[PDB]
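Undergrad:
There are 2 protein chains.
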Amino acid sequence: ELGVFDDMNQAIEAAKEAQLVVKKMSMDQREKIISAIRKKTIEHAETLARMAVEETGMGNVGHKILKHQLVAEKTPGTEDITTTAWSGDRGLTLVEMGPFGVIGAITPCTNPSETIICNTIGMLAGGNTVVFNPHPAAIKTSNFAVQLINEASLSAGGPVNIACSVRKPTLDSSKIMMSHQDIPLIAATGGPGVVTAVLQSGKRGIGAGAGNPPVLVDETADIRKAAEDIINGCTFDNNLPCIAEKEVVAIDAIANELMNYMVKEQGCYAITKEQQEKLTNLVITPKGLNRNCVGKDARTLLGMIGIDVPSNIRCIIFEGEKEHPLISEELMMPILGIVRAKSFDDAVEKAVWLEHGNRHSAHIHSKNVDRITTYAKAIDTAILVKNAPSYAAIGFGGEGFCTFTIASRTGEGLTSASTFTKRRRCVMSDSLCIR
Amino acid sequence: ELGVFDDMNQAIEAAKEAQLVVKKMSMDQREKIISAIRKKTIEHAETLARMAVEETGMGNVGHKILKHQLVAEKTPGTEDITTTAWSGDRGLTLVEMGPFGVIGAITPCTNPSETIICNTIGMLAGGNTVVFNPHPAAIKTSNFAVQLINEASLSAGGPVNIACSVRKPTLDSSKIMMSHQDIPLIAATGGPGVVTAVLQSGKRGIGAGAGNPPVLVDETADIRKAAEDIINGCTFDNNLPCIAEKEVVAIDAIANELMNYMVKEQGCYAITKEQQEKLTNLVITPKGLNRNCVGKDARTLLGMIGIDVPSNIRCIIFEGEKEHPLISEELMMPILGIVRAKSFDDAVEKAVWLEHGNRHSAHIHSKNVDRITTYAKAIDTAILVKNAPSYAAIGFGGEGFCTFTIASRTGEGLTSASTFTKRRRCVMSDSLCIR
Ligand SMILES: NC(=O)c1ccc[n+]([C@@H]2O[C@H](COP(=O)([O-])OP(=O)(O)OC[C@H]3O[C@@H](n4cnc5c(N)ncnc54)[C@H](O)[C@@H]3O)[C@@H](O)[C@H]2O)c1
Ligand SMILES: NC(=O)c1ccc[n+]([C@@H]2O[C@H](COP(=O)([O-])OP(=O)(O)OC[C@H]3O[C@@H](n4cnc5c(N)ncnc54)[C@H](O)[C@@H]3O)[C@@H](O)[C@H]2O)c1
Numbered sequence: 028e029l030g031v032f033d034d035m036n037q038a039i040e041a042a043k044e045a046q047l048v049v050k051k052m053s054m055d056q057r058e059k060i061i062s063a064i065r066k067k068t069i070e071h072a073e074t075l076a077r078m079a080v081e082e083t084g085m086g087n088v089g090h091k092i093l094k095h096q097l098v099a100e101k102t103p104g105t106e107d108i109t110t111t112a113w114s115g116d117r118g119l120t121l122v123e124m125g126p127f128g129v130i131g132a133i134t135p136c137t138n139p140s141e142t143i144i145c146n147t148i149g150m151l152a153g154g155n156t157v158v159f160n161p162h163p164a165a166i167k168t169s170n171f172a173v174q175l176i177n178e179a180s181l182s183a184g185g186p187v188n189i190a191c192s193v194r195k196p197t198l199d200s201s202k203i204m205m206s207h208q209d210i211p212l213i214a215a216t217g218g219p220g221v222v223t224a225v226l227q228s229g230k231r232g233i234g235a236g237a238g239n240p241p242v243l244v245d246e247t248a249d250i251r252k253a254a255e256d257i258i259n260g261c262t263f264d265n266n267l268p269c270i271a272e273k274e275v276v277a278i279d280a281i282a283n284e285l286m287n288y289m290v291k292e293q294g295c296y297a298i299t300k301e302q303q304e305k306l307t308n309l310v311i312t313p314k315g316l317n318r319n320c321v322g323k324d325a326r327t328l329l330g331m332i333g334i335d336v337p338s339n340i341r342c343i344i345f346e347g348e349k350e351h352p353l354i355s356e357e358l359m360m361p362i363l364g365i366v367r368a369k370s371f372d373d374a375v376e377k378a379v380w381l382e383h384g385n386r387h388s389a390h391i392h393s394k395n396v397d398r399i400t401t402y403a404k405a406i407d408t409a410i411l412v413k414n415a416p417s418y419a420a421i422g423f424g425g426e427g428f429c430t431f432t433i434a435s436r437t438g439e440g441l442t443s444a445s446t447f448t449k450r451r452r453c454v455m456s457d458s459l460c461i462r
Numbered sequence: 028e029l030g031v032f033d034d035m036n037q038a039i040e041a042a043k044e045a046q047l048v049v050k051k052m053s054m055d056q057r058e059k060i061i062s063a064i065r066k067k068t069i070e071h072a073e074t075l076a077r078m079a080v081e082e083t084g085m086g087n088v089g090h091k092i093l094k095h096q097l098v099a100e101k102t103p104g105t106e107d108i109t110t111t112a113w114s115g116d117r118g119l120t121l122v123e124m125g126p127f128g129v130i131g132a133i134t135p136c137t138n139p140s141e142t143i144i145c146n147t148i149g150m151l152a153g154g155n156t157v158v159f160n161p162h163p164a165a166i167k168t169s170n171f172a173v174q175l176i177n178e179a180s181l182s183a184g185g186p187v188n189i190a191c192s193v194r195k196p197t198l199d200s201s202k203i204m205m206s207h208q209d210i211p212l213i214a215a216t217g218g219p220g221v222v223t224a225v226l227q228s229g230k231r232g233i234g235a236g237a238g239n240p241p242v243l244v245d246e247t248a249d250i251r252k253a254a255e256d257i258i259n260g261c262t263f264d265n266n267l268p269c270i271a272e273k274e275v276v277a278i279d280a281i282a283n284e285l286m287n288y289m290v291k292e293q294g295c296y297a298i299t300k301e302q303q304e305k306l307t308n309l310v311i312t313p314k315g316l317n318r319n320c321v322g323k324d325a326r327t328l329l330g331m332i333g334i335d336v337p338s339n340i341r342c343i344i345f346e347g348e349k350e351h352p353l354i355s356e357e358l359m360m361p362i363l364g365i366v367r368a369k370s371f372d373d374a375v376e377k378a379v380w381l382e383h384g385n386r387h388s389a390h391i392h393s394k395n396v397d398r399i400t401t402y403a404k405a406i407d408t409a410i411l412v413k414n415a416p417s418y419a420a421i422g423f424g425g426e427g428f429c430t431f432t433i434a435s436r437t438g439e440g441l442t443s444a445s446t447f448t449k450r451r452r453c454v455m456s457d458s459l460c461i462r
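Chain order of the listed sequences is A and B.
Numbering follows full-length UniProt numbering, with no gaps: position 65 of the first sequence is 92.
Numbering follows full-length UniProt numbering, with no gaps: position 422 of the second sequence is 449.
(1) Can you tell me whether residue 140/A is buried or exposed, with buried defined as 16 or more other CB within 10 angstroms of its CB?
(2) Could you list the residues in the region 366–380 of chain A with a C-beta less than 9 Å from some C-beta on chain B, going in chain order?
(3) Say whether chain A places a C-beta atom closer than 7 Å to the C-beta of residue 449/B.
(4) Going along the chain, which residues of its own chain have a beta-carbon closer than 8 Å to the beta-carbon of residue 89/B, five neighbours each way excluded?
(5) Below 8 Å, can you find three or more Cβ-Cβ pairs linking the region 205–218 of chain B to the region 203–213 of chain A?
(6) Among all the DSSP beta bridges, which residues are the ones paired with residue 390/A?
(7) With a threshold of 6 Å (Cβ to nearest heavy atom), would residue 207/A be considered close to ligand 1?
(8) Among 257/A, 174/A, 82/A, 241/A, which residue has its Cα nearest to the Cα of residue 288/A?
(9) So is residue 161/B buried or exposed if we call it buried at 16+ other beta carbons inside 10 Å?
(10) What number of angstroms, rounded off, separates the C-alpha of residue 27/B from the C-alpha of residue 414/B?
(11) So residue 431/B contacts chain A; which residues on that side make the cut at Cβ distance below 9 Å?
(12) Can residue 162/B be considered in contact with ligand 2, in the sense that its beta carbon sits closer than 6 Å to one or more heavy atoms?
(13) Taking its Cβ as the centre, do 16 or more other Cβ atoms sit within 10 Å of residue 356/A, making it buried, or is it exposed?
(14) Can residue 136/A be considered in contact with ligand 1, in the sense that its beta carbon sits closer than 6 Å to one or more heavy atoms?
(15) Look at residue 60/A and residue 190/A and say whether their C-beta atoms are less than 7 Å apart.
(16) Could you confirm whether any beta carbon from chain B is found closer than 7 Å to the beta carbon of residue 419/A?
(17) Taking one C-beta from the region 426–446 of chain B and one from the region 394–401 of chain A each time, how about it: are there three or more such pairs within less than 8 Å?
(18) Going by alpha carbons, who is nearest to residue 55/B out of 154/B, 94/B, 118/B?
(19) By the DSSP assignment, the alpha helix (DSSP H) with residue 80/A in it spans what residues?
(20) For chain B, is any of its Cβ atoms less than 7 Å away from the one on residue 52/A?
(21) Report whether the distance from the Cβ of residue 192/B to the nearest heavy atom of ligand 2 is below 6 Å.
(22) Can a CB atom of chain B be found closer than 7 Å to the CB of residue 409/A?
(23) By the 10 Å Cβ neighbour count, where 16 or more other Cβ atoms means buried, how is residue 240/A classified, buried or exposed?
(24) From the DSSP output, which residues share a beta bridge with residue 402/B?
(25) Note the first and the last residue of the continuous alpha helix (DSSP H) segment covering residue 284/A.
(26) Please confirm whether residue 235/A and residue 434/A have their CB atoms less than 7 Å apart.
(27) Are residue 142/A and residue 262/A closer than 7 Å when you measure CB to CB?
(28) Nearest by alpha-carbon distance to residue 249/B: which of 281/B, 233/B, 378/B is it?
(29) Closer than 8 Å, Cβ to any Cβ of chain B: which residues of the region 124–153 of chain A, in chain order?
(30) Along the chain, where does the alpha helix (DSSP H) that runs through residue 222/B open and close?
(31) If we ignore side chains and look at the alpha-carbon of each, how far apart do residue 200/B and residue 218/A end up?
(32) Using the three-state DSSP reduction, which class does residue 301/A fall into: helix, strand or coil?
(33) Helix, strand or coil for residue 260/B, going by three-state DSSP, please let me know.
(34) What is the DSSP secondary structure of residue 453/A, reduced to helix, strand or coil?
(35) Using only CA atoms, which one of 268/B, 379/B, 344/B lies nearest to residue 326/B?
(36) For residue 123/B, which beta-bridge partners are listed by DSSP?
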């Protein structure tokens, strides 16, 4: 398989060779390859989407098609690589974005191919190559994407091996990557474990970690639209996205109206206390999150505990306290608790607790500029969406570019080509200021 | 002593308290404190300069005064914290630079107070506070600077403890910093050891490591001025700066002219083979760089091996091969070998070897745009200065701002306030595009 190797040292050596060419390619040459990658991503979006759902059992095909189309359309390319200039009597000083070299990347089972293609487009734009250690549960989908990238590059005239991977990823192959002297940077997309591992590696690590995004709805919101947006955001790819709404904090005065719209118009099923207990018992196991429930749709999860609901149902909701395990924990399931708040200050406090200091994502429905400001300052997240579904944060119905690697822990935010470059100052003394 | 604590946990707790206030201060409020820090740095520059030379035995007072004046004048303040906006029918998306929190910093014995004051100005501007583990050989100078910063803040109305430190820094206090859960970021300014340690810490590390900066002089250069600039750059603060010229690669045709100007006009003393052997034996010990020679002036180093030279002498020079230990090693001494090159491609090769893949700093004297471009691409350094002394790279006679923390290893380049912030995207959906 193209770009795929039997062991991690081979993969890195191949990437290192390719990068000696990529670093000397024109922007127009990189951009021709990037353009081919975008094209083939759209052309094979259906195949990538169904492969991921088949292999992992998580998410859904239609939404994954939209995610791949988003990656293709809105991931930045070489235009993201920019230059500054300062000039005067003392000359001309430029600051440029140069390559790191061969970048290592550790990718998730939730958005396997999305992360690989997005990372690759950005890293290539800056003159790097990339080697992946994919999630072992999504290895076929991940390596198919690597194969596609290399096909796209060949169709543009090479080189081969701009993106490389391994046939069988292990913690051993990941340790080879994290101690390899030809890898100065690793981008980890996943949970707290992998982020910590990379930040202990002796290399710069970009840490894109976990979240538990609250959405606050106050009494000044468009409540009918808030119901639509929140359920749309929560249930997108069955709640796999790290940015998605995973619990609601609602001001008392509008909480009933909100929940009623959710049930009446947005395909939500309200579960009783008894049902909550049974669902909790299923989805949180003695060994943690039940991997056989992650990324499953609502009707399936309800069926698993013997609740037969019609197929118009796409989300499970209930009112509860913030400490309820289905509200406090990141489930990546279309299960959405509503926490009632007595006042806006109460609601902000509740939301801040629920975000658990991840500083990842949070959302609000409010039309009031002061309310928005207060929440935004307090919650201090890499992402904040106002009056839209969560997916507006990555360019799906919001201004701005797409990424699938949100560096919550290390502070680089929504990563793009510029993230994966080294800054270079060049001082031309006493010449080339033409003023 | 103000801002100084008996142990590292106390220091961090104090910094954490102060940061809850700093993060809510206006830019105008931070800038009033920064302005007071700049003022007191200038007012006490003579004291800081002489304290460092007295305590460490390295460098010289007059040059250290200029370095502190540079820090005060050209370190960026709150103007370095900037915002982007994208807007259209889908609304308004901002990207802001928010604080990390309490930043840890590990600082050198070469530029102790310069690094502390520069780091503090930048970190404060972004809403952070900072805790230092200074170099134990410069602890008095380092903590005097911390004391000055806190005095400056008090004079501006507080808070106290924006910059904190410890009475006695150890590897134990450094380990407390690197495992502390209230520290999400550490800025390490020093050699390969400390950079590696921070990149193993489980936190984001900004790694400002070692160099061995070559200066290439080709046959199109202004050779008389190249001699002046190179010796000025090399001998500044007795070659302590990490950016300073530490060896020359000279095209054959101009090498004699260059060296002759150095001897005749720039206070250089040309040492024989025999003298080279004796100097090597002194300055490189069985245990590595001789700490009793680092940062000493040329006349002193020559005296130490029994060579009496007049006091017009400020640099030791000789012609040699690139592998000569006084040419290949970063000495931080005004000892400057000249390596003769047969052709420009030869000269670039030699310079690239001499830089040792640090990707830190390199310099060139050439008036030819193609020659400059070829060298710049090949040497791939955070800093490149053309036709000036090295110190043009940090705003001393070149366009651009000052820093004392150049993140060669981790890629952030010349660090400033913006470096020490977390990126935050805020998506206001379907409103606040006024076009
Ligand atoms: N911030 C982001 O951009 C982002 C994007 C997608 C997913 N996520 C997060 O990731 C989680 C879901 O994805 P997942 O289950 O694939 O994540 P995961 O953390 O279980 O796995 C991600 C990758 O890290 C590897 N990994 C895990 N632990 C490791 C360790 N100790 N050492 C080395 N490698 C290790 C896995 O093999 C995989 O390749 C959720 O918490 C989600 O919020 C974050
Ligand atoms: N890139 C830059 O901005 C920059 C600036 C100044 C100095 N330097 C480099 O630093 C060196 C000279 O300074 P120095 O002798 O003070 O550097 P050093 O590396 O000996 O010490 C710097 C700091 O790191 C600490 N330290 C050293 N080893 C450590 C370890 N294993 N764990 C934890 N802490 C450790 C020291 O106590 C000190 O506070 C030169 O190589 C120079 O080029 C680089």
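Cβ atoms here follow ideal geometry from the backbone N, Cα and C, with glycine treated the same way.
TA: In brief:
(1) Counting from 1 along the first sequence, the entry for residue 140/A is found at position 113. Flag for residue 140/A reads buried.
(2) none
(3) Within the second sequence, the letter at position 422 stands for residue 449/B. Yes, its Cβ sits closer than 7 Å to a Cβ of chain A.
(4) On the second sequence, position 62 is the one that residue 89/B refers to. Within the same chain, residue 89/B has close Cβ partners 76.
(5) no
(6) Residue 390/A sits at position 363 when you count from the first residue of the first sequence. Answer is 242/A, 412/A.
(7) The count along the first sequence starts at 1 and reaches residue 207/A at position 180. No, since every heavy atom of ligand 1 falls outside the 6 Å radius drawn around the Cβ of residue 207/A.
(8) If you number the first sequence from 1, residue 288/A lands on position 261. Of the listed residues, the one whose Cα sits closest to residue 288/A is 257/A.
(9) If you number the second sequence from 1, residue 161/B lands on position 134. So residue 161/B counts as buried.
(10) For chain B, the structure presents residues 28 to 462; residue 27/B sits outside this window and is missing.
(11) Here residue 431/B refers to the residue found at position 404 of the second sequence. Residues of chain A passing the Cβ test: none, with the nearest at roughly 14 Å.
(12) Here residue 162/B corresponds to residue number 135 of the second sequence, with the count starting at 1. True, at least one ligand heavy atom lies under 6 Å from that Cβ.
(13) As a first step, residue 356/A must be located in the first sequence, where it is residue number 329. It is buried - the Cβ of residue 356/A has at least 16 other Cβ atoms within 10 Å.
(14) The count along the first sequence starts at 1 and reaches residue 136/A at position 109. For ligand 1, at least one heavy atom lies less than 6 Å from the Cβ of residue 136/A.
(15) For the purposes of this step, residue 60/A is identified with residue 33 of the first sequence, where counting begins at 1. For the purposes of this step, residue 190/A is identified with residue 163 of the first sequence, where counting begins at 1. Cβ distance not < 7 Å, so residue 60/A and residue 190/A don't count as in contact.
(16) For the purposes of this step, residue 419/A is identified with residue 392 of the first sequence, where counting begins at 1. Yes, contact with chain B.
(17) no
(18) On the second sequence, residue 55/B is found 28 positions in, with the first residue counted as 1. Measuring from the Cα of residue 55/B, the nearest candidate turns out to be 154/B.
(19) Taking the first sequence and counting its residues from 1, the one referred to as residue 80/A is at position 53. Here the alpha helix (DSSP H) through residue 80/A covers 72–83.
(20) As a working note, residue 52/A is residue 25 in the first sequence. Closer than 7 Å: no.
(21) For this step, residue 192/B is matched to residue 165 along the second sequence. Residue 192/B Cβ: outside cutoff for every heavy atom of ligand 2.
(22) Residue mapping note: residue 409/A aligns to position 382 of the first sequence, counting from 1. Judged by the 7 Å Cβ criterion, residue 409/A is in contact with chain B.
(23) As a first step, residue 240/A must be located in the first sequence, where it is residue number 213. Answer is buried; the Cβ neighbour count reaches 16.
(24) Locating residue 402/B in the second sequence gives position 375, counting from the first residue. Paired residues: none, contrary to the question.
(25) Here the question's residue 284/A lines up with position 257 in the first sequence. Looking at the DSSP string, the run of the alpha helix (DSSP H) that includes residue 284/A is 279–292.
(26) Start at 1 with the first residue of the first sequence, and residue 235/A comes out as number 208. Start at 1 with the first residue of the first sequence, and residue 434/A comes out as number 407. In this structure, residue 434/A lies closer than 7 Å to residue 235/A by Cβ.
(27) The residue you call residue 142/A lines up with position 115 of the first sequence. The residue you call residue 262/A lines up with position 235 of the first sequence. Not in contact: residue 142/A and residue 262/A (Cβ atoms no closer than 7 Å).
(28) The sequence position of residue 249/B within the second sequence is 222, counting from 1. When each option's Cα is compared against that of residue 249/B, the closest is 281/B.
(29) 125, 127
(30) One-based indexing of the second sequence puts residue 222/B at position 195. Here the alpha helix (DSSP H) through residue 222/B covers 219–225.
(31) In the second sequence, residue 200/B corresponds to position 173, counting from 1. In the first sequence, residue 218/A corresponds to position 191, counting from 1. Spanning the two alpha carbons is a distance of roughly 30 Å.
(32) Your numbering for residue 301/A matches position 274 in the first sequence. Residue 301/A: helix per DSSP, three-state reduction.
(33) Taking the second sequence and counting its residues from 1, one reaches residue 260/B at position 233. Correct three-state label for residue 260/B: helix.
(34) As a first step, residue 453/A is located in the first sequence; it is residue number 426 there, counting from the start. Strand at residue 453/A.
(35) As a working mapping, residue 326/B is identified with position 299 in the second sequence. Closest option to residue 326/B, Cα to Cα, is 344/B.
(36) Taking the second sequence and counting its residues from 1, the one referred to as residue 123/B is at position 96. The partner list for residue 123/B (beta bridge, DSSP) reads 451/B.
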